[PDB]
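Undergrad: For the sequence shown, position 58 matches number 58 in the authors' numbering, and the numbering has no gaps at all.
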Amino acid sequence: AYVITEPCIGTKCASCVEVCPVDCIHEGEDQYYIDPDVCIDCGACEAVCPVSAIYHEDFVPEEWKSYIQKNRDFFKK
Ligand code: SF4
Ligand code: SF4
């Protein structure tokens, strides 16, 4: 499962939408948030993101693992 981080935050980007097999990218407001728990781990959204920042949750540095929790949380409750 891959998740967004910091470099994605470019005021309502929307490239990662529609292409995802199960469209598990969501607006909080600022960006499109991937649900790691719905993401079936696939080489689309990251390749589409013109920054290369949608990394595996474990790959995302601890500082930014906060986002993995947020991305989890958003849709869990
Ligand atoms: S394409 Fe990248 S920058 Fe844009 S919303 Fe998605 S993850 Fe963030
Ligand atoms: S990695 Fe694939 S399944 Fe996962 S959020 Fe991205 S496009 Fe959707």
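All C-beta atoms, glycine included, are put in the ideal place defined by N, C-alpha and C.
1) By Cβ distance, which residues of its chain are closer than 8 Å to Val19, with the 5 residues on each side in sequence left out?
2) What is the DSSP secondary structure of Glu57, reduced to helix, strand or coil?
3) Is it the case that the CB of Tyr67 approaches a heavy atom of ligand 2 more closely than 6 Å?
4) So what's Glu18 in DSSP terms, helix, strand or just coil?
5) With a Cβ-Cβ cutoff of 7 Å, do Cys42 and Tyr32 count as a contact?
TA: Put simply:
1) Excluding residues within five positions, the ones whose Cβ falls inside 8 Å are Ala44, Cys45 and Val48.
2) Note: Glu57 maps to coil in three-state DSSP.
3) Remark: the shortest separation between the CB of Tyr67 and any heavy atom of ligand 2 does not fall under 6 Å.
4) If DSSP states are grouped into helix, strand and coil, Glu18 belongs with coil.
5) No, the Cβ-Cβ distance between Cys42 and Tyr32 is not below 7 Å.
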